[PDB]
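Containing mmCIF, C-alpha atoms and all ligand atoms: run_13.cif.
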data_final
loop_
_atom_site.label_atom_id
_atom_site.label_comp_id
_atom_site.auth_asym_id
_atom_site.auth_seq_id
_atom_site.Cartn_x
_atom_site.Cartn_y
_atom_site.Cartn_z
CA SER A 8 -6.39 -56.12 -124.44
CA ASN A 9 -6.22 -54.02 -121.24
CA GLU A 10 -4.80 -56.91 -119.16
CA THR A 11 -1.11 -56.87 -118.21
CA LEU A 12 1.55 -58.81 -116.29
CA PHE A 13 0.21 -56.85 -113.33
CA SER A 14 -3.48 -57.75 -113.66
CA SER A 15 -4.89 -59.99 -110.93
CA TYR A 16 -5.91 -63.54 -111.84
CA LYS A 17 -8.06 -66.34 -110.40
CA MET A 18 -6.35 -69.72 -110.59
CA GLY A 19 -9.23 -71.87 -109.33
CA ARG A 20 -8.51 -71.80 -105.60
CA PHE A 21 -5.79 -69.14 -105.72
CA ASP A 22 -6.35 -65.42 -106.31
CA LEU A 23 -3.16 -64.05 -107.91
CA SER A 24 -2.08 -60.40 -107.67
CA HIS A 25 -0.10 -60.52 -110.93
CA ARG A 26 1.02 -62.80 -113.79
CA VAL A 27 4.78 -63.07 -113.12
CA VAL A 28 5.63 -66.62 -112.09
CA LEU A 29 8.84 -68.13 -110.73
CA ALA A 30 9.82 -70.98 -113.07
CA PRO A 31 11.01 -74.28 -111.54
CA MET A 32 14.81 -74.17 -111.23
CA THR A 33 17.33 -76.73 -110.01
CA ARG A 34 19.93 -74.90 -107.88
CA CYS A 35 21.42 -77.84 -105.93
CA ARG A 36 21.49 -76.20 -102.48
CA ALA A 37 19.39 -78.86 -100.72
CA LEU A 38 22.43 -80.66 -99.33
CA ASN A 39 21.93 -84.44 -99.26
CA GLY A 40 18.35 -84.21 -100.59
CA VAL A 41 17.01 -82.28 -97.60
CA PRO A 42 15.80 -78.64 -97.88
CA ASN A 43 17.18 -76.00 -95.50
CA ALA A 44 17.09 -72.39 -94.27
CA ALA A 45 18.92 -71.23 -97.43
CA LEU A 46 16.06 -72.48 -99.64
CA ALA A 47 13.51 -70.85 -97.35
CA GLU A 48 15.58 -67.65 -97.53
CA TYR A 49 15.91 -67.80 -101.34
CA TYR A 50 12.23 -68.47 -102.07
CA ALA A 51 11.08 -65.90 -99.49
CA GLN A 52 13.25 -63.23 -101.14
CA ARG A 53 11.43 -64.02 -104.36
CA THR A 54 7.91 -64.05 -102.85
CA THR A 55 5.39 -61.23 -103.45
CA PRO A 56 1.78 -61.07 -102.11
CA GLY A 57 -0.56 -63.15 -104.31
CA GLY A 58 2.54 -64.10 -106.30
CA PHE A 59 2.89 -67.61 -107.69
CA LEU A 60 6.07 -69.68 -107.30
CA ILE A 61 7.22 -73.04 -108.63
CA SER A 62 9.86 -74.97 -106.69
CA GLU A 63 13.00 -76.52 -108.15
CA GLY A 64 12.56 -80.07 -109.45
CA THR A 65 12.02 -82.36 -106.46
CA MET A 66 12.74 -86.11 -106.14
CA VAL A 67 9.78 -88.49 -106.04
CA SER A 68 11.72 -91.69 -105.33
CA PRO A 69 15.28 -92.83 -104.73
CA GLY A 70 16.76 -92.96 -108.25
CA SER A 71 14.82 -89.97 -109.61
CA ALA A 72 17.79 -87.60 -109.29
CA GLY A 73 20.17 -86.63 -112.10
CA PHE A 74 21.71 -83.74 -110.23
CA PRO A 75 23.65 -83.35 -106.98
CA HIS A 76 21.99 -81.91 -103.86
CA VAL A 77 18.51 -81.61 -105.34
CA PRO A 78 15.67 -81.89 -102.77
CA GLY A 79 13.24 -84.79 -102.28
CA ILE A 80 9.66 -85.20 -101.06
CA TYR A 81 9.43 -88.98 -100.67
CA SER A 82 10.59 -89.24 -97.03
CA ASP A 83 9.20 -87.87 -93.74
CA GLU A 84 12.51 -86.11 -93.07
CA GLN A 85 12.11 -84.27 -96.39
CA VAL A 86 8.46 -83.36 -95.66
CA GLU A 87 9.41 -81.89 -92.26
CA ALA A 88 12.34 -79.90 -93.68
CA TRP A 89 10.20 -78.46 -96.51
CA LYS A 90 7.77 -76.95 -93.99
CA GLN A 91 10.07 -74.00 -93.24
CA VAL A 92 10.38 -73.07 -96.94
CA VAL A 93 6.62 -73.07 -97.52
CA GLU A 94 5.79 -71.25 -94.26
CA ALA A 95 8.34 -68.63 -95.27
CA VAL A 96 6.57 -68.22 -98.65
CA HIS A 97 3.10 -68.15 -97.06
CA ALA A 98 4.20 -65.54 -94.48
CA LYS A 99 4.94 -63.14 -97.36
CA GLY A 100 1.60 -64.11 -98.92
CA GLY A 101 2.87 -66.04 -101.93
CA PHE A 102 1.75 -69.33 -103.45
CA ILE A 103 4.07 -72.28 -104.06
CA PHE A 104 3.90 -75.54 -106.01
CA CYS A 105 6.37 -78.40 -105.61
CA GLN A 106 7.60 -79.66 -108.97
CA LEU A 107 7.60 -83.48 -108.97
CA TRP A 108 10.68 -84.67 -110.85
CA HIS A 109 11.97 -87.95 -112.25
CA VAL A 110 14.98 -87.70 -114.56
CA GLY A 111 14.63 -91.22 -115.98
CA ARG A 112 17.68 -92.11 -118.07
CA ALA A 113 19.12 -88.64 -117.40
CA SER A 114 20.88 -89.94 -114.28
CA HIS A 115 24.01 -91.87 -113.25
CA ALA A 116 24.85 -94.98 -111.17
CA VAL A 117 25.93 -92.50 -108.46
CA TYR A 118 22.31 -91.30 -108.01
CA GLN A 119 20.88 -94.84 -108.10
CA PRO A 120 20.07 -97.19 -105.19
CA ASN A 121 22.56 -100.09 -104.99
CA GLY A 122 24.37 -98.36 -107.89
CA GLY A 123 21.74 -99.64 -110.34
CA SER A 124 20.93 -98.50 -113.87
CA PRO A 125 18.65 -95.47 -114.37
CA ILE A 126 15.14 -96.42 -115.55
CA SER A 127 13.57 -95.17 -118.78
CA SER A 128 11.05 -96.19 -121.47
CA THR A 129 13.93 -97.29 -123.72
CA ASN A 130 17.23 -99.17 -123.27
CA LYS A 131 19.00 -96.57 -125.43
CA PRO A 132 21.46 -94.22 -123.71
CA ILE A 133 21.43 -90.48 -124.34
CA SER A 134 23.99 -89.75 -127.08
CA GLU A 135 27.43 -88.77 -125.81
CA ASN A 136 28.29 -85.69 -127.92
CA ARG A 137 26.25 -82.84 -126.45
CA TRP A 138 25.13 -84.18 -123.09
CA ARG A 139 26.84 -84.96 -119.78
CA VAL A 140 25.45 -85.74 -116.31
CA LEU A 141 26.86 -83.55 -113.51
CA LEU A 142 28.22 -85.45 -110.49
CA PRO A 143 28.51 -84.43 -106.78
CA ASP A 144 32.26 -83.76 -107.32
CA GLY A 145 31.60 -81.20 -110.08
CA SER A 146 32.84 -83.37 -112.93
CA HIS A 147 30.80 -84.11 -116.07
CA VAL A 148 30.54 -87.68 -117.37
CA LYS A 149 28.61 -89.57 -120.08
CA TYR A 150 25.05 -90.81 -119.55
CA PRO A 151 24.91 -94.59 -118.97
CA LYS A 152 22.76 -97.25 -120.61
CA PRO A 153 19.32 -97.17 -118.93
CA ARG A 154 16.96 -100.07 -118.25
CA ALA A 155 13.59 -100.02 -120.05
CA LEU A 156 10.65 -100.60 -117.69
CA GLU A 157 8.31 -103.58 -117.64
CA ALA A 158 4.65 -102.59 -118.05
CA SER A 159 3.99 -104.15 -114.63
CA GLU A 160 6.59 -101.77 -113.13
CA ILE A 161 4.88 -98.52 -114.22
CA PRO A 162 1.94 -98.50 -111.70
CA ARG A 163 4.62 -98.42 -108.98
CA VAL A 164 6.38 -95.38 -110.45
CA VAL A 165 2.96 -93.73 -110.61
CA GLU A 166 2.48 -94.55 -106.91
CA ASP A 167 5.78 -92.73 -106.26
CA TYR A 168 4.19 -89.62 -107.80
CA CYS A 169 1.07 -90.00 -105.62
CA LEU A 170 3.02 -90.31 -102.36
CA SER A 171 5.13 -87.32 -103.38
CA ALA A 172 2.02 -85.23 -104.07
CA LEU A 173 0.46 -86.40 -100.78
CA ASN A 174 3.67 -85.49 -98.96
CA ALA A 175 3.77 -82.10 -100.69
CA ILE A 176 0.31 -81.12 -99.40
CA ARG A 177 1.18 -82.56 -95.97
CA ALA A 178 4.29 -80.34 -96.03
CA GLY A 179 2.09 -77.29 -96.65
CA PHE A 180 2.44 -76.85 -100.43
CA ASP A 181 -0.44 -75.26 -102.33
CA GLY A 182 -0.06 -77.95 -104.99
CA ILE A 183 2.29 -79.78 -107.34
CA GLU A 184 3.56 -79.51 -110.90
CA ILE A 185 4.26 -82.58 -113.02
CA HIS A 186 7.63 -82.17 -114.73
CA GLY A 187 6.89 -83.79 -118.10
CA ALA A 188 9.40 -81.70 -120.04
CA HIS A 189 13.04 -81.40 -121.12
CA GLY A 190 13.75 -85.06 -121.89
CA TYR A 191 13.15 -86.40 -118.38
CA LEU A 192 11.27 -89.63 -117.54
CA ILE A 193 7.81 -88.55 -118.80
CA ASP A 194 9.18 -86.86 -121.96
CA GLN A 195 11.10 -90.09 -122.66
CA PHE A 196 7.69 -91.72 -123.12
CA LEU A 197 6.14 -88.77 -124.98
CA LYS A 198 8.84 -88.20 -127.60
CA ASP A 199 9.08 -90.66 -130.51
CA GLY A 200 12.78 -89.73 -130.81
CA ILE A 201 13.29 -91.61 -127.52
CA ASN A 202 10.25 -93.89 -127.05
CA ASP A 203 10.99 -97.01 -129.15
CA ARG A 204 8.44 -99.17 -127.32
CA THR A 205 6.57 -102.18 -128.67
CA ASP A 206 3.79 -102.17 -126.05
CA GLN A 207 0.83 -99.95 -125.11
CA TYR A 208 3.26 -97.28 -123.82
CA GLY A 209 4.74 -96.68 -127.29
CA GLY A 210 3.98 -96.38 -131.01
CA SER A 211 0.85 -94.28 -131.53
CA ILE A 212 0.70 -90.73 -130.09
CA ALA A 213 -2.12 -91.82 -127.74
CA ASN A 214 0.18 -94.63 -126.52
CA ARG A 215 3.10 -92.26 -125.89
CA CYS A 216 0.83 -90.11 -123.69
CA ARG A 217 -0.45 -93.09 -121.65
CA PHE A 218 2.32 -92.72 -119.06
CA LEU A 219 1.69 -89.03 -118.40
CA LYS A 220 -2.07 -89.70 -118.43
CA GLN A 221 -1.75 -92.21 -115.59
CA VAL A 222 0.67 -89.97 -113.64
CA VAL A 223 -1.73 -87.01 -113.98
CA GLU A 224 -4.70 -89.27 -113.14
CA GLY A 225 -3.15 -90.73 -109.98
CA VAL A 226 -1.96 -87.36 -108.68
CA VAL A 227 -5.35 -85.72 -109.41
CA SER A 228 -7.02 -88.66 -107.61
CA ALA A 229 -4.73 -88.10 -104.61
CA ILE A 230 -4.90 -84.32 -104.08
CA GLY A 231 -7.55 -82.94 -106.45
CA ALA A 232 -7.17 -81.53 -109.96
CA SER A 233 -7.30 -77.93 -108.68
CA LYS A 234 -3.88 -78.38 -106.99
CA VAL A 235 -2.15 -79.97 -109.99
CA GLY A 236 -0.20 -78.38 -112.83
CA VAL A 237 1.47 -80.11 -115.77
CA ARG A 238 4.63 -78.92 -117.54
CA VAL A 239 5.47 -80.10 -121.07
CA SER A 240 7.99 -79.06 -123.73
CA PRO A 241 7.00 -80.45 -127.15
CA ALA A 242 9.58 -78.48 -129.16
CA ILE A 243 12.70 -78.90 -127.00
CA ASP A 244 15.51 -81.24 -128.09
CA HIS A 245 17.30 -81.26 -124.69
CA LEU A 246 18.86 -84.69 -124.03
CA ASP A 247 17.83 -86.06 -127.47
CA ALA A 248 14.11 -85.46 -126.80
CA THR A 249 12.97 -84.86 -130.37
CA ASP A 250 9.59 -85.65 -131.93
CA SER A 251 8.69 -86.18 -135.60
CA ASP A 252 5.72 -83.85 -135.12
CA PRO A 253 5.89 -81.62 -131.97
CA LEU A 254 2.62 -79.84 -132.87
CA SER A 255 0.64 -83.10 -132.97
CA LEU A 256 2.33 -84.21 -129.75
CA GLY A 257 1.53 -81.00 -127.87
CA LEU A 258 -2.07 -81.16 -129.13
CA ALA A 259 -2.30 -84.82 -128.08
CA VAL A 260 -1.19 -83.82 -124.57
CA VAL A 261 -3.52 -80.81 -124.52
CA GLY A 262 -6.33 -83.05 -125.79
CA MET A 263 -5.58 -85.70 -123.17
CA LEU A 264 -5.85 -83.14 -120.36
CA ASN A 265 -9.14 -81.70 -121.65
CA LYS A 266 -10.77 -85.12 -121.91
CA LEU A 267 -9.57 -85.85 -118.40
CA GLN A 268 -11.26 -82.79 -116.85
CA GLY A 269 -14.67 -84.19 -117.86
CA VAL A 270 -13.76 -87.55 -116.25
CA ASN A 271 -12.75 -85.79 -113.00
CA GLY A 272 -15.30 -82.94 -112.99
CA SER A 273 -12.72 -80.26 -112.15
CA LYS A 274 -10.02 -78.27 -114.01
CA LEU A 275 -6.28 -78.51 -113.38
CA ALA A 276 -4.48 -75.51 -111.89
CA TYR A 277 -2.68 -74.87 -115.20
CA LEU A 278 -0.81 -76.15 -118.23
CA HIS A 279 2.80 -75.00 -118.35
CA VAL A 280 4.53 -74.88 -121.75
CA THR A 281 8.19 -74.06 -122.44
CA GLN A 282 9.57 -72.58 -125.68
CA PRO A 283 13.05 -73.17 -127.04
CA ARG A 284 15.00 -69.91 -127.46
CA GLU A 302 6.76 -71.71 -135.01
CA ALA A 303 5.14 -69.24 -132.55
CA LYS A 304 1.94 -70.65 -134.07
CA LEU A 305 2.58 -73.85 -132.08
CA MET A 306 2.26 -71.99 -128.76
CA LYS A 307 -0.87 -70.05 -129.76
CA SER A 308 -2.25 -73.36 -131.08
CA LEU A 309 -1.91 -75.25 -127.79
CA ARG A 310 -3.40 -72.25 -125.95
CA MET A 311 -6.64 -72.16 -127.98
CA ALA A 312 -6.73 -75.94 -127.64
CA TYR A 313 -6.40 -76.13 -123.84
CA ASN A 314 -9.55 -75.48 -121.85
CA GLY A 315 -8.05 -73.78 -118.77
CA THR A 316 -5.12 -71.70 -117.49
CA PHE A 317 -2.08 -71.43 -119.76
CA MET A 318 1.35 -70.66 -118.34
CA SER A 319 3.92 -70.02 -121.06
CA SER A 320 7.69 -70.05 -120.50
CA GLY A 321 11.09 -69.68 -122.16
CA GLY A 322 13.14 -66.66 -123.22
CA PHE A 323 10.65 -64.10 -121.88
CA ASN A 324 11.39 -60.55 -120.76
CA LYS A 325 8.99 -57.79 -119.66
CA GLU A 326 7.77 -56.60 -123.08
CA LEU A 327 7.26 -60.14 -124.44
CA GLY A 328 5.51 -61.17 -121.21
CA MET A 329 3.33 -58.06 -121.27
CA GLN A 330 2.25 -58.56 -124.88
CA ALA A 331 1.57 -62.28 -124.33
CA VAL A 332 -1.08 -61.39 -121.74
CA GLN A 333 -2.47 -58.41 -123.73
CA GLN A 334 -3.03 -60.62 -126.77
CA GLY A 335 -4.45 -63.62 -124.87
CA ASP A 336 -1.50 -65.88 -125.76
CA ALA A 337 -0.99 -66.62 -122.06
CA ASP A 338 -2.69 -66.22 -118.70
CA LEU A 339 0.60 -66.62 -116.82
CA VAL A 340 4.27 -66.21 -117.75
CA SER A 341 7.07 -67.96 -115.84
CA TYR A 342 10.60 -66.58 -115.62
CA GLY A 343 13.79 -68.57 -115.07
CA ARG A 344 17.18 -66.91 -115.58
CA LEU A 345 15.97 -63.39 -114.72
CA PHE A 346 14.36 -64.52 -111.46
CA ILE A 347 17.66 -66.00 -110.27
CA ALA A 348 19.42 -62.66 -110.66
CA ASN A 349 16.46 -60.58 -109.45
CA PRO A 350 14.66 -61.66 -106.24
CA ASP A 351 12.40 -58.59 -106.62
CA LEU A 352 11.85 -59.05 -110.38
CA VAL A 353 8.09 -58.33 -110.07
CA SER A 354 8.90 -54.85 -108.68
CA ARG A 355 11.58 -54.24 -111.32
CA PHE A 356 9.11 -54.98 -114.13
CA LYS A 357 6.50 -52.68 -112.55
CA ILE A 358 8.68 -49.56 -112.54
CA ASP A 359 10.66 -50.65 -115.64
CA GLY A 360 13.75 -50.72 -113.39
CA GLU A 361 17.19 -52.23 -114.02
CA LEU A 362 17.95 -55.96 -113.99
CA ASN A 363 20.90 -57.65 -112.29
CA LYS A 364 22.81 -59.98 -114.63
CA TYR A 365 22.85 -63.68 -113.77
CA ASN A 366 26.13 -65.48 -113.10
CA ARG A 367 26.18 -68.87 -114.84
CA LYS A 368 28.98 -70.36 -112.72
CA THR A 369 26.93 -70.39 -109.48
CA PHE A 370 23.80 -71.98 -110.97
CA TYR A 371 24.61 -75.43 -109.60
CA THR A 372 27.07 -74.71 -106.78
CA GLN A 373 26.41 -75.68 -103.14
CA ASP A 374 26.96 -72.33 -101.42
CA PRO A 375 23.99 -71.22 -99.27
CA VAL A 376 24.82 -67.55 -99.98
CA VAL A 377 27.17 -66.98 -102.95
CA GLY A 378 25.20 -66.80 -106.22
CA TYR A 379 22.06 -67.93 -104.42
CA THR A 380 20.65 -65.41 -101.93
CA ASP A 381 23.19 -62.59 -102.35
CA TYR A 382 21.71 -61.16 -105.56
CA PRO A 383 20.92 -57.59 -104.42
CA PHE A 384 17.43 -56.10 -104.17
CA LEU A 385 16.69 -52.82 -105.96
CA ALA A 386 17.67 -49.73 -103.95
CA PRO A 387 14.87 -47.38 -102.66
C1 LIG B 401 19.66 -73.25 -113.58
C2 LIG B 401 18.36 -73.71 -114.18
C3 LIG B 401 17.69 -74.78 -113.58
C4 LIG B 401 16.48 -75.23 -114.12
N1 LIG B 401 15.82 -76.29 -113.52
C5 LIG B 401 14.58 -76.68 -113.97
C6 LIG B 401 13.87 -77.69 -113.31
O1 LIG B 401 14.34 -78.25 -112.32
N2 LIG B 401 12.63 -78.08 -113.78
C7 LIG B 401 12.08 -77.48 -114.89
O2 LIG B 401 10.96 -77.82 -115.29
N3 LIG B 401 12.77 -76.47 -115.53
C8 LIG B 401 14.02 -76.07 -115.09
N4 LIG B 401 14.71 -75.07 -115.75
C9 LIG B 401 14.08 -74.41 -116.94
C10 LIG B 401 13.27 -73.21 -116.44
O3 LIG B 401 12.12 -73.66 -115.75
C11 LIG B 401 12.84 -72.25 -117.54
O4 LIG B 401 11.88 -72.90 -118.36
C12 LIG B 401 14.05 -71.77 -118.34
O5 LIG B 401 14.89 -71.04 -117.47
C13 LIG B 401 13.68 -70.90 -119.53
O6 LIG B 401 13.02 -69.74 -119.08
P1 LIG B 401 13.82 -68.35 -118.91
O7 LIG B 401 14.22 -67.85 -120.25
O8 LIG B 401 12.91 -67.32 -118.22
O9 LIG B 401 15.10 -68.57 -118.08
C14 LIG B 401 15.93 -74.61 -115.24
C15 LIG B 401 16.60 -73.53 -115.83
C16 LIG B 401 17.81 -73.08 -115.31
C17 LIG B 401 18.48 -71.92 -115.99
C1 LIG B 402 25.24 -72.20 -118.03
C2 LIG B 402 24.14 -73.04 -118.67
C3 LIG B 402 24.06 -74.42 -118.01
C4 LIG B 402 22.94 -75.27 -118.61
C5 LIG B 402 21.62 -75.09 -117.84
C6 LIG B 402 20.42 -75.34 -118.76
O1 LIG B 402 19.47 -74.28 -118.61
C7 LIG B 402 19.77 -76.69 -118.43
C8 LIG B 402 18.83 -76.84 -117.41
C9 LIG B 402 18.23 -78.23 -117.15
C10 LIG B 402 18.10 -78.52 -115.65
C11 LIG B 402 16.84 -78.81 -115.32
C12 LIG B 402 16.03 -78.74 -116.38
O2 LIG B 402 14.82 -78.97 -116.33
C13 LIG B 402 16.79 -78.38 -117.67
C14 LIG B 402 16.22 -77.10 -118.30
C15 LIG B 402 16.00 -77.28 -119.81
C16 LIG B 402 16.41 -76.04 -120.63
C17 LIG B 402 16.22 -76.32 -122.13
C18 LIG B 402 16.78 -75.19 -123.02
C19 LIG B 402 15.65 -74.44 -123.74
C20 LIG B 402 16.06 -73.90 -125.12
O3 LIG B 402 16.20 -74.73 -126.05
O4 LIG B 402 16.22 -72.66 -125.23
#

What would the structure in this file look like if it were written as structure tokens?
Amino acid sequence: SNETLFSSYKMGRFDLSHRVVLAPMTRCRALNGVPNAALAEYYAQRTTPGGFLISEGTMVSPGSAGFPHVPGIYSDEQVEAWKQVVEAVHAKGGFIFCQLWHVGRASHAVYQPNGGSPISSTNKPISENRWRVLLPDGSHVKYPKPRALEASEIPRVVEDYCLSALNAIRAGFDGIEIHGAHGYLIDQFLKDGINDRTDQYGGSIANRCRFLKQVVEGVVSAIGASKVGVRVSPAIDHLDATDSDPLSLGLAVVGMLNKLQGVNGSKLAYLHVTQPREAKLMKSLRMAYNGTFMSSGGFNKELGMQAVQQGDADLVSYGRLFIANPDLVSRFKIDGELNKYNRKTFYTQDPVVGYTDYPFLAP
């Protein structure tokens, strides 16, 4: 009860100076899928010594994008271009994980090779009321009808995750995070409100987890458990990703990861859980997971401070506030003022405006 957001922490290999984490955040500045100086600049600004960072969602294969100008890690060109961003982070003594991202059905023909259909667990489109895919021209259109995968096809998509993880390390990354949240590919298998499968990848809760299990297994096999994080969001309806019982789902995922750590012999870097914005559900998964717990969603300083003090979380990741405040860790420390975030420049392509030009705190 004497631990705070500013207490040091040992994350297996990595000795952290504090608990404030940069949440993964799509910003769409990686023009044409390739990272650049602007990304290096933006992440560097946000780096503190012993500070932990999570990169924006990063493509694992052609077709895995549902956003314009998001970066990839499947090609050599991408690997080489990422090096500057990581080196920049390492220079300032921070740690960085590449989030491995497949959007599944949350895509468009535009982002698909040969203009194909996005792949998912189901053939059902995302409903057309609340949700629209954003296109390179800035317009918003309806999500198309996806193609459900053959069972035989899945081991290949898992191999895409392996290569991406192997590239990430080769590019200098300290590790990777599996994006299994927010209604993207993995979540489309996890949630029974999407996964209408007949086979071993659907039905029972154990069956809905089988996809993630394999993805986590293959990646851990490739680069070691200690360099792997997993992000899930059991209670988030984004893109029609509902479950009949989110608490049982979360606990089935938590349970899966525990029972995997015996099979491997080593612990994962962390489990990353996002809240929408009961609170029993979070505390429940925490007690249940044997390892580091990074909690996310709607946090400020006081909430983040009390989460650590009470043992609800080891680490707390910040999204919206970290965009507006490159030196957020310092601002929290001295209880300083916070810059407000501008929504309009979240997903614009400018290297500077709304991206790196958020001012540091004055001396
Ligand atoms: C502009 C923006 C982009 C985001 N992109 C991602 C992403 O690529 N991958 C991911 O797992 N979460 C993404 N998120 C969700 C954040 O990781 C985080 O969970 C969310 O911002 C809620 O936390 P907060 O209240 O501190 O902002 C994004 C959020 C925002 C606002
Ligand atoms: C001005 C707001 C634009 C919408 C941006 C929104 O935060 C969506 C972000 C998506 C992009 C990548 C992701 O991984 C998604 C984040 C999921 C946010 C879910 C909302 C949580 C809640 O229910 O409070």

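The gap separating atom CA of residue A:162 from atom CA of residue A:210 is 19.5 Å, in Å to one decimal.
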
Q) Leaving out residue A:44 and any residue of its chain fewer than 3 positions from it, which residues lie within 9 Å of it when counting all atoms listed in the file, given as number ranges by chain? A) A: 47-49, 88, 91-92, 375

Write the selection just made, keeping C-alpha atoms, as an mmCIF file, in the frame of the given file?
data_model
loop_
_atom_site.group_PDB
_atom_site.id
_atom_site.type_symbol
_atom_site.label_atom_id
_atom_site.label_comp_id
_atom_site.auth_asym_id
_atom_site.auth_seq_id
_atom_site.Cartn_x
_atom_site.Cartn_y
_atom_site.Cartn_z
ATOM 1 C CA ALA A 47 13.510 -70.850 -97.350
ATOM 2 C CA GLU A 48 15.580 -67.650 -97.530
ATOM 3 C CA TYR A 49 15.910 -67.800 -101.340
ATOM 4 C CA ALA A 88 12.340 -79.900 -93.680
ATOM 5 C CA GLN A 91 10.070 -74.000 -93.240
ATOM 6 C CA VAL A 92 10.380 -73.070 -96.940
ATOM 7 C CA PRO A 375 23.990 -71.220 -99.270
#

Which residues are near stretch 317-332 of chain A? Cut-off 7 Å, only C-alpha atoms, ignore same chain within fewer than 3 positions. Put them as an mmCIF file with C-alpha atoms, in the coordinates of the input.
data_model
loop_
_atom_site.group_PDB
_atom_site.id
_atom_site.type_symbol
_atom_site.label_atom_id
_atom_site.label_comp_id
_atom_site.auth_asym_id
_atom_site.auth_seq_id
_atom_site.Cartn_x
_atom_site.Cartn_y
_atom_site.Cartn_z
ATOM 1 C CA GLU A 10 -4.800 -56.910 -119.160
ATOM 2 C CA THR A 11 -1.110 -56.870 -118.210
ATOM 3 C CA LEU A 12 1.550 -58.810 -116.290
ATOM 4 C CA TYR A 277 -2.680 -74.870 -115.200
ATOM 5 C CA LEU A 278 -0.810 -76.150 -118.230
ATOM 6 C CA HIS A 279 2.800 -75.000 -118.350
ATOM 7 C CA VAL A 280 4.530 -74.880 -121.750
ATOM 8 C CA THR A 281 8.190 -74.060 -122.440
ATOM 9 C CA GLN A 282 9.570 -72.580 -125.680
ATOM 10 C CA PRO A 283 13.050 -73.170 -127.040
ATOM 11 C CA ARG A 284 15.000 -69.910 -127.460
ATOM 12 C CA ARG A 310 -3.400 -72.250 -125.950
ATOM 13 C CA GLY A 335 -4.450 -63.620 -124.870
ATOM 14 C CA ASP A 336 -1.500 -65.880 -125.760
ATOM 15 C CA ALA A 337 -0.990 -66.620 -122.060
ATOM 16 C CA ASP A 338 -2.690 -66.220 -118.700
ATOM 17 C CA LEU A 339 0.600 -66.620 -116.820
ATOM 18 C CA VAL A 340 4.270 -66.210 -117.750
ATOM 19 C CA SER A 341 7.070 -67.960 -115.840
ATOM 20 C CA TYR A 342 10.600 -66.580 -115.620
ATOM 21 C CA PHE A 356 9.110 -54.980 -114.130
#

Judged by all atoms listed in the file, the minimum distance to ligand LIG 402 (chain B) among A:248, A:133, A:46, A:158 is found for A:248

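Among the candidates A:15, A:354, A:55, A:349, the one nearest to residue A:383 when counting all atoms listed in the file is A:349.
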
Atom pair atom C12 of ligand LIG 401 (chain B) + atom CA of residue A:53, distance 16.2 Å

Expected residue set, 12 Å radius at (2.9, -96.3, -124.7), only C-alpha atoms, as a ChimeraX atom specification: /A:128-129,156-158,161,193-199,201-221

Problem - stretch 235-247 of chain A surroundings by all atoms listed in the file, 6 Å radius, close-in-sequence under 3 positions cut, as a ChimeraX atom specification - result: /A:182-190,232,253,257,275-281,283

A straight line from atom CA of residue A:121 to atom CA of residue A:154 spans 14.4 Å

Residue A:36 proximity check over A:71, A:380, A:52, A:372, using only C-alpha atoms: winner is A:372

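Among A:176, A:148, A:227, A:107, the residue with the shortest atom-to-atom distance to ligand LIG 401 (chain B), counting all atoms listed in the file, is A:107.
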
Size and centre in Å, one decimal, axis-aligned box, all listed ligand LIG 402 (chain B) atoms plus 5 Å per side, as lines of an AutoDock Vina configuration file:
center_x = 20.0
center_y = -75.6
center_z = -120.7
size_x = 20.4
size_y = 16.8
size_z = 20.7

Compile the contact shell of residue A:68 as an mmCIF file with C-alpha atoms, in the frame of the given file: residues with an atom at most 7 Å away, counting only C-alpha atoms, same-chain residues fewer than 2 positions apart removed.
data_model
loop_
_atom_site.group_PDB
_atom_site.id
_atom_site.type_symbol
_atom_site.label_atom_id
_atom_site.label_comp_id
_atom_site.auth_asym_id
_atom_site.auth_seq_id
_atom_site.Cartn_x
_atom_site.Cartn_y
_atom_site.Cartn_z
ATOM 1 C CA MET A 66 12.740 -86.110 -106.140
ATOM 2 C CA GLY A 70 16.760 -92.960 -108.250
ATOM 3 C CA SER A 71 14.820 -89.970 -109.610
ATOM 4 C CA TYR A 81 9.430 -88.980 -100.670
ATOM 5 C CA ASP A 167 5.780 -92.730 -106.260
#

Write out as a PyMOL selection string which residues come within 8 Å of residue A:96 when counting all atoms listed in the file, dropping same-chain ones fewer than 6 positions away.
chain A and resi 47+50-51+54+102-103
